[PDB]
Amino acid sequence: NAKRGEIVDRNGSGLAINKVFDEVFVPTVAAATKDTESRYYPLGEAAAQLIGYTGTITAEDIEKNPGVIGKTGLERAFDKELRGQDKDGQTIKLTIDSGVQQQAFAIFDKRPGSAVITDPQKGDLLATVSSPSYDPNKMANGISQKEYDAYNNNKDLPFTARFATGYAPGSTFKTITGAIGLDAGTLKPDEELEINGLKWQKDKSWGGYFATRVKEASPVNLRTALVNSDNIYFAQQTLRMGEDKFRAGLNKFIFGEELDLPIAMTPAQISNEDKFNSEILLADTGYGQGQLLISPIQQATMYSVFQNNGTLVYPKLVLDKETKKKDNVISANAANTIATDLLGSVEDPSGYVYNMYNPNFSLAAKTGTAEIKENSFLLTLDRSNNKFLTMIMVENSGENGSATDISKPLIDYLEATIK
Ligand SMILES: *C(=O)[C@@H](NC(=O)/C(=N\OCC)c1nsc(N)n1)[C@@H]1NC(C(=O)O)=C(Sc2nc(-c3cc[n+](C)cc3)cs2)CS1
C-alpha cells in the first residue's frame, strides 16, 4: 500500500493530497471505526474540473494497461507519475495559484462560465475555472446516487471543463483583427473613417444582412472603434484588407495546433473550409463572428501577444516546464498600439469597463458579447507589469449578466497580489 503522489500549486499548497479520516466494516466521516487514508482536495469545487477525482480500479481499467485510479482531470492525465508502484508517487507541482483559483471561481456563484488567468510572459496558468462545478471529494470518496443524479440532471453541466471548450470569441477578437490590419498596411490607426447609422453593408449583394453597431460615432479611428465596440469599422477594415491579407495574419496564430498541455482540447479553427466562400462571413470573422471556435485557454494564448511585443507564449501547467514561445506573431508596434488603446475601455468614463477603473494601475481591457441566447466575454491585460492576463466568460449573459458585472472582485484581487 503505497501513497499516491500529491498535486500541489505553485506555492506548494495541496491541490490533490492524502488525508486520514475516521470512517463509519468498510467505509461517511465520523458498523465500525478505523483510520483510513483518503484522497482529499482542499480547493473543492473551485478546481474540480481541472484536478478531477479518483476511483477504484474497475474491471475495464485493469483490462487495458496492467486501489485508486484517476478517473478524470489531471488526476487521470498524471496517473503514471502519481501512482508509483508497490514506490510512493511523485509530487507534481503546477503553475496554479490557489488564491487566484478560488477568486476566479467565487465571482460566478453558480453562473455558467469559465475563467483563465495566465502569466502572459511565462505562460503559467495561474487559474483555470469552470462553473458550475461539483464536489471532487464526494466523487472520489463515495457520493450518493442522489447527488450524482443532481449533477447529471443539471442543464448547465457542472462536469464539463469549460476552459477547454471551444466557443466563438466575440468582439474581443477585434484586437487580433486590428493588429493584423496594422501590419498589413491597410489599417491606419489615426485615419478617421466616416461611419453613419447603426447598419452597414458592402453593396446590394448582401441583401438583408448588415453589420450592426451600438454607439453612434462620427469619424471612427482605431482607438474609438475598440472602445465603442464598433462592428462596422472592423468590418470595413476587414473588407479593405481582403481575404488573403486577413488569413495571412490569422494563420500566424495557433489555429489547428495541438498544445502540450495535459488538458484535452480541440485545436482552434478559423472556418469549416480553407476559404471563406462568401463576403458576409469575412466581415463576421472580422469582429469575432463567422465560424471561429477558440477555447478560453487558446484565447488567453493568442491574446498574450499584446504583452510580449507581438510574441506568443504557450500555456504551461507544470511549473518546471520550459517556457515555449512563437516569435513575431504580430509586430511589436502592432501589439503595443492595440494594448495602449485598450486602456480606454477601463480609463475612459464612457468605457464599458469603467467600473473597474483604478488610478494607480494600468489595465487594458476589451468587452465582447456573442450570439450563439448570448454569452459575455472580458479580456483584461496587466499593462503595469505584464504579470497577469484574464479571459472571463459568462454563458447566457441575458439571464446571468455580463462578465464585466461580476469580474470586479477578481481584477481587484490580481492588481494587489500579482501586481
Ligand atoms: C462583438 O462582440 C460585437 N458583437 C456582436 O455583434 C454580436 N451580438 O451583439 C449583441 C447585441 C454577435 N453575434 S454573434 C457573435 N459571434 N457576436 C459587439 N461587442 C459588444 C460589447 O460587448 O461591447 C455588444 S453588446 C454592447 N452593449 C453596449 C451598451 C449599450 C447601452 N448601454 C447603456 C451600455 C452598454 C455597448 S456594446 C454588441 S456588438
# chains A, B, ... in the order shown; residues from 1 in each chain; ligands from 1
$ closest_atom_pairs --of "chain A" --to "ligand 1" --cutoff "7 Å" --atoms "only C-alpha atoms and all ligand atoms" --output "JSON lines"
{"residue": "A:168", "atom": "CA", "partner": "ligand 1", "partner_atom_place_in_ligand_line": "16 (N)", "distance": 5.5}
{"residue": "A:169", "atom": "CA", "partner": "ligand 1", "partner_atom_place_in_ligand_line": "16 (N)", "distance": 6.7}
{"residue": "A:170", "atom": "CA", "partner": "ligand 1", "partner_atom_place_in_ligand_line": "2 (O)", "distance": 4.2}
{"residue": "A:171", "atom": "CA", "partner": "ligand 1", "partner_atom_place_in_ligand_line": "1 (C)", "distance": 3.1}
{"residue": "A:172", "atom": "CA", "partner": "ligand 1", "partner_atom_place_in_ligand_line": "2 (O)", "distance": 6.5}
{"residue": "A:212", "atom": "CA", "partner": "ligand 1", "partner_atom_place_in_ligand_line": "6 (O)", "distance": 6.5}
{"residue": "A:213", "atom": "CA", "partner": "ligand 1", "partner_atom_place_in_ligand_line": "39 (S)", "distance": 5.7}
{"residue": "A:214", "atom": "CA", "partner": "ligand 1", "partner_atom_place_in_ligand_line": "36 (C)", "distance": 5.6}
{"residue": "A:215", "atom": "CA", "partner": "ligand 1", "partner_atom_place_in_ligand_line": "36 (C)", "distance": 6.6}
{"residue": "A:228", "atom": "CA", "partner": "ligand 1", "partner_atom_place_in_ligand_line": "36 (C)", "distance": 6.9}
{"residue": "A:229", "atom": "CA", "partner": "ligand 1", "partner_atom_place_in_ligand_line": "23 (O)", "distance": 4.8}
{"residue": "A:230", "atom": "CA", "partner": "ligand 1", "partner_atom_place_in_ligand_line": "18 (C)", "distance": 6.5}
{"residue": "A:231", "atom": "CA", "partner": "ligand 1", "partner_atom_place_in_ligand_line": "3 (C)", "distance": 6.0}
{"residue": "A:287", "atom": "CA", "partner": "ligand 1", "partner_atom_place_in_ligand_line": "1 (C)", "distance": 5.8}
{"residue": "A:288", "atom": "CA", "partner": "ligand 1", "partner_atom_place_in_ligand_line": "16 (N)", "distance": 5.3}
{"residue": "A:289", "atom": "CA", "partner": "ligand 1", "partner_atom_place_in_ligand_line": "16 (N)", "distance": 3.5}
{"residue": "A:290", "atom": "CA", "partner": "ligand 1", "partner_atom_place_in_ligand_line": "16 (N)", "distance": 6.7}
{"residue": "A:352", "atom": "CA", "partner": "ligand 1", "partner_atom_place_in_ligand_line": "35 (C)", "distance": 6.5}
{"residue": "A:367", "atom": "CA", "partner": "ligand 1", "partner_atom_place_in_ligand_line": "22 (O)", "distance": 4.5}
{"residue": "A:368", "atom": "CA", "partner": "ligand 1", "partner_atom_place_in_ligand_line": "22 (O)", "distance": 3.3}
{"residue": "A:369", "atom": "CA", "partner": "ligand 1", "partner_atom_place_in_ligand_line": "2 (O)", "distance": 4.2}
{"residue": "A:370", "atom": "CA", "partner": "ligand 1", "partner_atom_place_in_ligand_line": "17 (N)", "distance": 3.3}
{"residue": "A:371", "atom": "CA", "partner": "ligand 1", "partner_atom_place_in_ligand_line": "14 (S)", "distance": 3.9}
{"residue": "A:372", "atom": "CA", "partner": "ligand 1", "partner_atom_place_in_ligand_line": "14 (S)", "distance": 6.2}
{"residue": "A:376", "atom": "CA", "partner": "ligand 1", "partner_atom_place_in_ligand_line": "22 (O)", "distance": 6.8}
$ write_last_selection --atoms "N, CA, C and O atoms" --output "tab-separated table (two decimals), in the first residue's frame"
chain	number	residue	atom	x	y	z
A	168	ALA	N	-17.26	30.71	-29.77
A	168	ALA	CA	-16.96	31.88	-30.59
A	168	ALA	C	-16.35	32.97	-29.71
A	168	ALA	O	-16.90	33.26	-28.64
A	169	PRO	N	-15.24	33.58	-30.11
A	169	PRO	CA	-14.54	34.51	-29.21
A	169	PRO	C	-15.27	35.81	-28.96
A	169	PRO	O	-15.03	36.45	-27.93
A	170	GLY	N	-16.14	36.24	-29.87
A	170	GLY	CA	-16.82	37.50	-29.69
A	170	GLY	C	-15.97	38.68	-30.13
A	170	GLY	O	-14.96	38.54	-30.81
A	171	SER	N	-16.40	39.87	-29.71
A	171	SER	CA	-15.77	41.10	-30.18
A	171	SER	C	-14.35	41.27	-29.66
A	171	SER	O	-13.61	42.10	-30.19
A	172	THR	N	-13.95	40.51	-28.64
A	172	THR	CA	-12.57	40.59	-28.18
A	172	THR	C	-11.60	40.18	-29.28
A	172	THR	O	-10.41	40.51	-29.21
A	212	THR	N	-24.05	45.58	-37.79
A	212	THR	CA	-24.69	46.47	-36.84
A	212	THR	C	-23.71	46.87	-35.74
A	212	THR	O	-22.79	46.13	-35.40
A	213	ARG	N	-23.92	48.07	-35.19
A	213	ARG	CA	-23.13	48.59	-34.09
A	213	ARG	C	-24.07	49.20	-33.05
A	213	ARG	O	-25.29	49.25	-33.24
A	214	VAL	N	-23.49	49.66	-31.94
A	214	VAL	CA	-24.27	50.16	-30.82
A	214	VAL	C	-24.14	51.68	-30.71
A	214	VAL	O	-25.09	52.41	-31.00
A	215	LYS	N	-22.98	52.16	-30.28
A	215	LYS	CA	-22.78	53.59	-30.10
A	215	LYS	C	-22.49	54.26	-31.44
A	215	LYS	O	-21.63	53.80	-32.20
A	228	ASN	N	-15.77	51.87	-28.52
A	228	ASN	CA	-17.19	51.95	-28.85
A	228	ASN	C	-17.79	50.60	-29.25
A	228	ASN	O	-19.01	50.53	-29.43
A	229	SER	N	-16.97	49.56	-29.39
A	229	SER	CA	-17.42	48.24	-29.85
A	229	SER	C	-18.11	48.34	-31.21
A	229	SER	O	-19.22	47.85	-31.42
A	230	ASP	N	-17.42	48.99	-32.16
A	230	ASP	CA	-17.98	49.27	-33.48
A	230	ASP	C	-17.67	48.10	-34.41
A	230	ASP	O	-16.51	47.88	-34.78
A	231	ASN	N	-18.71	47.34	-34.78
A	231	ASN	CA	-18.52	46.26	-35.75
A	231	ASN	C	-18.27	46.80	-37.15
A	231	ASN	O	-17.53	46.18	-37.92
A	287	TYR	N	-15.08	40.72	-36.81
A	287	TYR	CA	-15.44	41.14	-35.46
A	287	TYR	C	-15.85	39.94	-34.59
A	287	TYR	O	-16.74	40.05	-33.74
A	288	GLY	N	-15.21	38.80	-34.80
A	288	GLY	CA	-15.33	37.67	-33.90
A	288	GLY	C	-16.47	36.72	-34.16
A	288	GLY	O	-16.67	35.79	-33.36
A	289	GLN	N	-17.24	36.91	-35.24
A	289	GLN	CA	-18.34	36.01	-35.55
A	289	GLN	C	-17.87	34.94	-36.54
A	289	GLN	O	-16.78	34.37	-36.38
A	290	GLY	N	-18.67	34.67	-37.56
A	290	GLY	CA	-18.30	33.64	-38.53
A	290	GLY	C	-18.34	32.26	-37.91
A	290	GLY	O	-19.25	31.91	-37.14
A	352	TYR	N	-16.73	50.68	-21.38
A	352	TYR	CA	-17.61	49.64	-20.86
A	352	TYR	C	-17.01	48.88	-19.68
A	352	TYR	O	-17.72	48.08	-19.07
A	367	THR	N	-14.29	44.29	-24.10
A	367	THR	CA	-15.51	43.54	-23.85
A	367	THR	C	-15.90	42.74	-25.09
A	367	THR	O	-15.24	42.79	-26.13
A	368	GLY	N	-17.00	42.00	-24.98
A	368	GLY	CA	-17.49	41.21	-26.10
A	368	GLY	C	-18.70	40.37	-25.77
A	368	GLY	O	-18.73	39.67	-24.75
A	369	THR	N	-19.71	40.43	-26.63
A	369	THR	CA	-20.93	39.65	-26.47
A	369	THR	C	-21.22	38.94	-27.79
A	369	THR	O	-21.31	39.59	-28.84
A	370	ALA	N	-21.35	37.62	-27.74
A	370	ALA	CA	-21.58	36.80	-28.92
A	370	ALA	C	-22.94	36.12	-28.82
A	370	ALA	O	-23.36	35.70	-27.73
A	371	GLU	N	-23.62	36.01	-29.95
A	371	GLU	CA	-24.93	35.35	-30.04
A	371	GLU	C	-24.73	33.95	-30.60
A	371	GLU	O	-24.30	33.79	-31.74
A	372	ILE	N	-25.05	32.94	-29.79
A	372	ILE	CA	-24.90	31.56	-30.22
A	372	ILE	C	-26.27	30.91	-30.40
A	372	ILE	O	-27.15	31.47	-31.05
A	376	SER	N	-21.18	36.51	-22.70
A	376	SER	CA	-20.40	37.72	-22.45
A	376	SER	C	-18.95	37.34	-22.19
A	376	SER	O	-18.67	36.33	-21.53
$ residues_around --residues "residue 365 (chain A)" --least-positions-apart "6" --cutoff "7 Å" --atoms "only C-alpha atoms" --output "number ranges by chain"
A: 342-343, 345-346, 379-381
$ write_last_selection --atoms "N, CA and C atoms" --output "compact mmCIF listing (two decimals), in the first residue's frame"
# COMPACT_ATOMS: atom_id res chain seq x y z
N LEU A 342 -6.45 49.92 -25.68
CA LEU A 342 -7.40 49.20 -24.84
C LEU A 342 -7.45 49.75 -23.42
N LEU A 343 -6.52 50.62 -23.03
CA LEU A 343 -6.62 51.27 -21.73
C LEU A 343 -7.89 52.10 -21.62
N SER A 345 -10.86 51.29 -22.45
CA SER A 345 -12.01 50.51 -22.00
C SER A 345 -12.20 50.61 -20.49
N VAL A 346 -11.11 50.83 -19.76
CA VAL A 346 -11.16 50.95 -18.31
C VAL A 346 -11.09 52.40 -17.86
N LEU A 379 -11.72 40.41 -21.64
CA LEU A 379 -10.27 40.25 -21.67
C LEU A 379 -9.63 41.46 -21.01
N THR A 380 -8.80 41.22 -20.01
CA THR A 380 -8.04 42.28 -19.37
C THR A 380 -6.55 41.99 -19.48
N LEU A 381 -5.75 43.05 -19.52
CA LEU A 381 -4.31 42.96 -19.72
C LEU A 381 -3.62 43.83 -18.69
$ residues_around --residues "residue 12 (chain A)" --least-positions-apart "3" --cutoff "12 Å" --atoms "only C-alpha atoms" --output "NGL selection string"
:A and (6-9 or 15-17 or 91-98 or 319)
$ residues_around --residues "region 117-130 of chain A" --least-positions-apart "3" --cutoff "6 Å" --atoms "only C-alpha atoms" --output "VMD selection string"
chain A and resid 95 to 97 101 105 114 161 to 162 304 313 to 317 323 387 to 390
$ closest_residue --among "A:321, A:366, A:3, A:240" --to "residue 227 (chain A)" --atoms "only C-alpha atoms"
A:366
$ closest_residue --among "A:179, A:232, A:268, A:394" --to "residue 332 (chain A)" --atoms "only C-alpha atoms"
A:179
$ select_by_dssp --residues "region 279-332 of chain A" --states "alpha helix (DSSP H)" --output "list in words"
residues 280, 281, 282, 283, 284, 285, 286, 296, 297, 298, 299, 300, 301, 302 and 332 of chain A
$ write_last_selection --atoms "C-alpha atoms" --output "compact mmCIF listing (two decimals), in the first residue's frame"
# COMPACT_ATOMS: atom_id res chain seq x y z
CA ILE A 280 -20.68 38.32 -45.15
CA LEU A 281 -18.67 35.60 -43.40
CA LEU A 282 -15.43 37.52 -43.99
CA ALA A 283 -16.92 40.52 -42.20
CA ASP A 284 -18.35 38.32 -39.42
CA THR A 285 -14.93 36.81 -38.75
CA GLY A 286 -13.60 40.37 -38.71
CA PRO A 296 -10.64 30.05 -23.24
CA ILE A 297 -7.17 28.53 -22.85
CA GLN A 298 -6.45 29.09 -26.55
CA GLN A 299 -7.92 32.61 -26.35
CA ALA A 300 -5.57 33.54 -23.49
CA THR A 301 -2.70 32.14 -25.55
CA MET A 302 -3.49 34.14 -28.71
CA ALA A 332 5.86 44.91 -31.67
$ decode --residues "region 70-83 of chain A" --atoms "N, CA and C atoms" --output "compact mmCIF listing (two decimals), in the first residue's frame"
# COMPACT_ATOMS: atom_id res chain seq x y z
N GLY A 70 -7.01 7.55 -11.25
CA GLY A 70 -7.54 8.81 -11.74
C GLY A 70 -8.61 8.58 -12.79
N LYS A 71 -9.83 9.06 -12.52
CA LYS A 71 -10.95 8.90 -13.43
C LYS A 71 -11.12 10.06 -14.40
N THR A 72 -10.70 11.27 -14.03
CA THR A 72 -10.86 12.44 -14.89
C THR A 72 -9.88 13.52 -14.44
N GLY A 73 -9.73 14.55 -15.28
CA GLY A 73 -8.89 15.68 -14.93
C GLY A 73 -7.40 15.33 -14.92
N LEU A 74 -6.63 16.20 -14.26
CA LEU A 74 -5.20 15.94 -14.10
C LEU A 74 -4.93 14.71 -13.24
N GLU A 75 -5.89 14.31 -12.41
CA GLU A 75 -5.73 13.09 -11.62
C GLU A 75 -5.66 11.87 -12.53
N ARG A 76 -6.29 11.94 -13.70
CA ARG A 76 -6.23 10.89 -14.71
C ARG A 76 -5.05 11.08 -15.66
N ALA A 77 -4.80 12.32 -16.09
CA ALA A 77 -3.73 12.57 -17.06
C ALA A 77 -2.35 12.37 -16.45
N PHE A 78 -2.21 12.54 -15.14
CA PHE A 78 -0.93 12.39 -14.46
C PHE A 78 -0.85 11.10 -13.65
N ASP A 79 -1.65 10.09 -14.00
CA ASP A 79 -1.75 8.90 -13.15
C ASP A 79 -0.42 8.16 -13.06
N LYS A 80 0.28 8.00 -14.19
CA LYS A 80 1.51 7.22 -14.19
C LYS A 80 2.57 7.81 -13.27
N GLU A 81 2.59 9.14 -13.11
CA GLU A 81 3.57 9.76 -12.23
C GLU A 81 3.13 9.75 -10.77
N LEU A 82 1.82 9.83 -10.53
CA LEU A 82 1.28 9.89 -9.17
C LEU A 82 1.04 8.51 -8.57
N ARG A 83 0.90 7.47 -9.39
CA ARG A 83 0.54 6.16 -8.86
C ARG A 83 1.73 5.49 -8.19
